[PDB]
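Don't worry about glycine lacking a Cβ; one is built from the backbone with ideal geometry, like all the others, and counts go over all protein chains shown. Please treat every number below as a calculation from the coordinates, not as lab data.
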Amino acid sequence: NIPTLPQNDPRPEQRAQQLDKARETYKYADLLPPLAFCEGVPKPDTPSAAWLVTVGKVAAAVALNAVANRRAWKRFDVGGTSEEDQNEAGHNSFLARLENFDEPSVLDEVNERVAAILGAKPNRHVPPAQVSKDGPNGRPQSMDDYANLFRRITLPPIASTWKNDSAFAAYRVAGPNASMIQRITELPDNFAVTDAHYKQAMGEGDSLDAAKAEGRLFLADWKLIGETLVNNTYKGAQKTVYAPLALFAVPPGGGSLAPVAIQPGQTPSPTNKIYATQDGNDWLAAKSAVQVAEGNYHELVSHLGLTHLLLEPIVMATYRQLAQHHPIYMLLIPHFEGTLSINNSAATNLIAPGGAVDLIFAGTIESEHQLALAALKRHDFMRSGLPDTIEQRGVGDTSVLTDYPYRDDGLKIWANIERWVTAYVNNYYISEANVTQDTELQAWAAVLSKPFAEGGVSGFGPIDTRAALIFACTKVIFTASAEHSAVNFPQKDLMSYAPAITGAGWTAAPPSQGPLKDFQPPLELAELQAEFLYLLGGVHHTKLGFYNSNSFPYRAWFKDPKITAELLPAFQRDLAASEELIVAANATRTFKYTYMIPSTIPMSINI
Amino acid sequence: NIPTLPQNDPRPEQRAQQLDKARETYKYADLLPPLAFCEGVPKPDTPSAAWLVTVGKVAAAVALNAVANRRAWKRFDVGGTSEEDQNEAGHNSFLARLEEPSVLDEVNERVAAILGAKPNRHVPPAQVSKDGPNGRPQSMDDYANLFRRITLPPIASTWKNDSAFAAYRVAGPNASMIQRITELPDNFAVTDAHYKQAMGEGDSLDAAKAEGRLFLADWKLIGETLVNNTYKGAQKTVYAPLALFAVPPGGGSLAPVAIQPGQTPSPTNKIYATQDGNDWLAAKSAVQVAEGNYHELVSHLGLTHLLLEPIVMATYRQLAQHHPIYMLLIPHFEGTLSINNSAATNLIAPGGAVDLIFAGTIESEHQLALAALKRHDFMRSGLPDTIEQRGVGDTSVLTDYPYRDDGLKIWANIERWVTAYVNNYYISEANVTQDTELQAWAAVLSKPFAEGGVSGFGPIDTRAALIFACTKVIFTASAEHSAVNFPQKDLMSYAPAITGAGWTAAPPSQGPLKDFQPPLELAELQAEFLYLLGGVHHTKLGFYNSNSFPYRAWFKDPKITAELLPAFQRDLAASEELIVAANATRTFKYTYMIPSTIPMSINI
Amino acid sequence: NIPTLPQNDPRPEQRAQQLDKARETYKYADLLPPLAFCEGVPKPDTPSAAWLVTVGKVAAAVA
């Protein structure tokens, strides 16, 4: 079969009949308000049996790690539950390998375990066998209690370097939120850093006035955190998050980013000062308090807000407006596999009251919803292309800021995706009148160009040109694939160890008042942090550039031989070429960046 | 390890402590009165995975035949139900071979709905019916057409012949019924005219009675114990017939002579003979109904299942795991507890398969079963003893007796293997008496039948006595049960050939043959549930292994492992060729005594 | 395993307990005075069998 535009379609009546059964099975729901959701998981969008196997093993190791921690605490009840978890690992390897089947062990246990891990439920010890003082709980004896949680999952490498200044800056260029630094030519008024602060970090051979003239100053401003969040308590203990401003500078002649100064609050005050690279014990807490903001910021703005919830109305619009015989449907749908499913799990378990975000992260759970919705509301879709953002922020000069993996590796993947969309769109769209007269695309653009309050994407209009459609398909494919990988998998590697970065600060301020362990979360929360961020960051199911189905054959999804034999293999080579160039650069990097390597990038949002 | 007697055991305290925990896992229940039943199924006696898969595939075909029978009536629900049963058939062959959600729950539940006559056995986990075959037959084709996805038995085409009618008395489900008579009983006065109709003018009834050529089958017990019932208001009838059988002079196969449906001669109850046509065919069909009640309750359930149940109970309780006789008898009991419980709470329970199909009220059937257990004599119920008790012994007078000839071989094999096993471990006749565990074992079994014993069990004070009791038990677990359980699939699935109830009045026929047959809704159940009970050959006589996943060898004493049991298995391989040889020359087959086909224990 | 600087070690308290035990094992004696010596030879630093064999062969030729 060859996909076709609706006007040129030889059989329109049977086409518009199919879009009726689509909108009948893809209704709208209010799971998260001011947004466009799907009513549960529609039967087609259910997780594939290959997904459940992959996710199952991770949830099993996470379950086994909780059993190991419960053996260590209170040093048969912890052995029987240890082996039933092992039995599901046996189930997954063989019972699920039936695959044809024509699910029991696979479907039931996996989804149940996933919900129990993201729902922060009290007894994720063993399933089908109907805070606990018998496991790690309360305040810490020493800082060994935080690393010791990783008993059946491996302690991340950041656990042994997170105190280094070089790691603190690497988070801004190769971490979970690597898209927030902005070039400044003059410092803000609420952040009056001094040259004495500067010369403590960049040495005596540089000046703050030189860096502002020569484009070497970079600001990270978590102002939005102060606008939306409300500090909550957990078990009567005060959770604290700040809205800091962090200054960074590259050594003269170009190079890596280097921290300079930190102000924990937005507005200066007697109790709000500027801590610098030499202030020592307070400086380490100022860096840690910045990480606390990043956790709430990444997980709700960068991550869930601007990947999952951003594409959810587009996933809902594509199904409802573009027929299965539409080429754009053929382009976008396999980049949406599991997006409906995982977003429904994130809505009712992750960011629902009593969820992992609610207890761990500092703000009240609803104030976190406002943080996310405010990011989508202020977002500008038609100007959010990766090359476009980089020249808006002033980070695009490869000579001044040389070490910036996300920019260097991501811009490559962006170029590959645009070329393959520019090829796809131009094969089916041969006239700029083919665009305007595509009623399905125009009705697809409508429900997306709606006001954000009515349920649209902020800034989605207009899509009247072959160029404009190429951008929309490049951005969507990027965020579905690379951007989500640039934020989802750093959770396993960089965010699973609470002292390195967590969702709350458990003492009052950077001005250090004593031992570092008092700032860290309680143990029962910190295990949940390690285990739920492990599961979210440890699933690479589906590979960018490999368009297949979610059914048992996992056969090729494209049908047109023009794309099958010519255009898609033209795409997969680009990613293979970029892979070697990225893998080359990543060897010579001390702080690894694997997230733009096309062998690992997923096609869609599924975890 | 070498099993040992309790008095010779180097660690008696650990031994008596295992029996203490044993008697806690095997407690007595009252799942059926008089008898000594077990409380549920103790987890050791749970059905093995191998057993479940074998049964699961049979329960799948039975289900698919019920769907196919529902497609024929009302000539998507039938289509969708067809596939969920196919999914189980694929699930069984693949998932279970990992070596238990699909195996444990689905198999036991499907068996329960077949044996329990539960409605809508069409599909599992997707939760009389006039969208399935029900009611009176349009023609006799409706009965043969019920076997759609199960194979129609061969007796569905031979049963009207008098040759097939007599073969039941020597190679059917109740091959132990006939008895040589010297003079005719007073309530069954058959004439020389009736005899010369069957055998011709060349022979006389007086000549047959002198030369031991007359054999009688007397279903008097059916009259003593049964109460006719009704199904949906339709009269079900059963009789207590006497049938005469003779062999041609000089020896040969059996042949029917006369039939009287009732114990008492009367104007309404007369003697029907070989030439009487439609009336004779009904007098044979009445006997077949009597045999169905008599077989399934006496021959089959009462004297195999229910006979061994108190012995299975006493064996676990009084005999330690380190006891040699315990090592001999437990593998001959695999799943006997599990199937007898599925029998109690489902099969012969009110509302089950026997309650509807068979003519008597279900509680009257129980009395019939208990009547045989009460009159049984264990010590004088050995197969060679019962053969000479009936006068069926002469190999030259009655020459076609497959059960007698094949069975007397398997008996001689088992007795040799038992006599060897016992003589190894019991080296002095003082070892028997001082076997405190075996004497306790004998006590609870020697008890009155009312208290829960086996009738005529005592005394077991000799190595020869223990040898018999172990032979009879092993025989009943293996050969005898094969001779009765599997004829259900081959010889009892077709209702016109034999069934539990008559559905007109009497042999004095008053119309079409199709009216004496059962209603279709029950006739489908009879074929299916007897197909299931006769279509599972799991575990094999002579091959002792475990009921666990490795299925490794069961004995440990290398004396038995590498000598005694191999001696047994060769003898069975030898007798197999003698039986397989004789079976080719036979027109009425008898596979039920072939050593390869026989199971170790009662399990289906 | 990868060595850590002490201010980066993810399990500092355990590291300090090993160092307190190393100070129990290697204690200062004055076998030769004005100098920082050792109380005997601590059992860990006992010479390897490889060394013993190599030295035994040369010591035997001397005898």
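Between A:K27 and B:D461, what is the label-point separation in nm under the 7 Å Cα-to-beta-carbon projection?
So the label points at B:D461 and A:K27 sit 8.4 nm apart.
Post the alpha-carbon centroid distance, region B:357-385 to region A:3-19, in whole angstrom.
76
Ranked highest first by average number of other Cβ atoms within 10 Å, how do A:440-453, A:248-261, C:42-55 line up?
Details: A:440-453: 17.9, A:248-261: 20.1, C:42-55: 9.9.
Result, highest mean first: A:248-261, A:440-453, C:42-55.
Once a ≥ b ≥ c are taken as the square roots of the eigenvalues of the Cα gyration tensor of region B:425-475, is the result rounded (a/c under 1.5), prolate (a/b larger than b/c) or oblate (a/b not larger than b/c)?
oblate
Can you tell me which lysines have their Cα less than 23 Å from the Cα of A:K223? Leave out same-chain residues fewer than eight positions away.
Partners found: A:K212, A:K239, A:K273, A:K287, A:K377.
Evaluate the distance, in nm, between pseudo-label points positioned 7 Å from the Cα of C:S48 and of B:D206 along their respective Cα→Cβ axes.
For the pair C:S48/B:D206, the computed spacing is 11.6 nm.
Given R₀ = 22 Å, what would the calculated FRET efficiency be for C:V62 paired with C:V41, taking r from the Cβ atoms and rounding to 0.05?
0.45
Would chain B count as rounded, prolate or oblate if I go by the C-alpha gyration tensor, calling it rounded below 1.5 in a/c and otherwise prolate when a/b exceeds b/c, oblate otherwise?
Here chain B falls in the oblate category.
With everything on Cα atoms, drop me the angle between helix C:12-25 and the longest principal axis of chain C, reported from 0 to 90° to the nearest 10.
The helix C:12-25 is inclined about 30 degrees to chain C.
Fully extended, how many nm does the chain gain between B:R416 and B:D186 (0.36 nm per residue separation, minus their Cα-Cα distance)? Please report the intermediate quantities before stating the final value.
Working: separation 230, 0.36 × 230 = 82.80 nm, distance 4.31 nm.
Between B:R416 and B:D186, full extension yields an extra 78.5 nm.
What is the magnitude of the charge dipole of region A:47-205 about its Cα centre, with +1 placed on the Cβ of each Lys and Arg, -1 on the Cβ of each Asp and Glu, and no other charges, expressed in debye to the nearest 20?
520
Mind checking which of A:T402, A:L5, A:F76 is farthest towards the positive end of chain A's charge dipole, using Cβ charges of +1 (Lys, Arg) and -1 (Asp, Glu) about the Cα centre?
In chain A, that residue is A:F76.
Between B:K220 and B:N161, take the C-beta separation as r, use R0 = 30 Å, and let me know the FRET efficiency to the nearest 0.05.
Efficiency at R0 = 30 Å is approximately 0.65.
Once the piece of chain linking B:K556 and B:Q138 is laid out straight, how much longer is it, given 0.36 nm per residue of separation minus the C-alpha distance between them?
Additional length available on full extension: 144.4 nm.
Just report the Cα centroid separation between region A:196-211 and region B:105-180, whole Å.
97
State which entries of B:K447/B:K559; B:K21/B:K540; A:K43/A:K235; A:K559/B:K74; A:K133/A:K543 exceed 32 angstrom in Cα-Cα distance in the structure shown.
B:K447/B:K559; A:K43/A:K235; A:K559/B:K74; A:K133/A:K543, as the Cα separations exceed 32 Å there.
Counting helices only, and only those DSSP H runs with n ≥ 4, report the 222 nm mean residue ellipticity of chain A as the sum of -39,500 (n - 2.57) divided by its residues, in deg cm²/dmol to the nearest 500.
Mean residue ellipticity at 222 nm (helix-derived): -13500 deg cm²/dmol.
Any idea how far apart B:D377 and A:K592 come out in nm if each label point goes 7 Å out from Cα toward Cβ?
Result: 8.7 nm between the two label points.
Roughly how big is the protein assembly as shown's charge dipole about its Cα centre, with Cβ charges of +1 (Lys, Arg) and -1 (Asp, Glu), in debye to the nearest 20?
About 500 debye.
Would you tell me the mean number of C-beta atoms belonging to other protein chains that fall within 10 Å of each C-beta in C:5-18, as a whole number?
5
Taking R0 as 30 Å, what's the FRET efficiency between B:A584 and B:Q389 from their Cβ-Cβ distance, rounded to 0.05? Show your work: numbers first, answer last.
Working: r = 31 Å, r/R0 = 1.03.
The computed FRET efficiency comes out at 0.45.
Rounded, prolate or oblate: which one fits chain C, using the alpha carbon gyration tensor with axes a ≥ b ≥ c (rounded when a/c is under 1.5, else prolate when a/b beats b/c, else oblate)?
Oblate, because a/c is 1.5 or more while a/b does not exceed b/c.
Using alpha carbon centroids, what distance separates region B:289-310 and region B:44-98, in Å?
With region B:289-310 and region B:44-98 each reduced to a Cα centre, they are spaced 28 Å.
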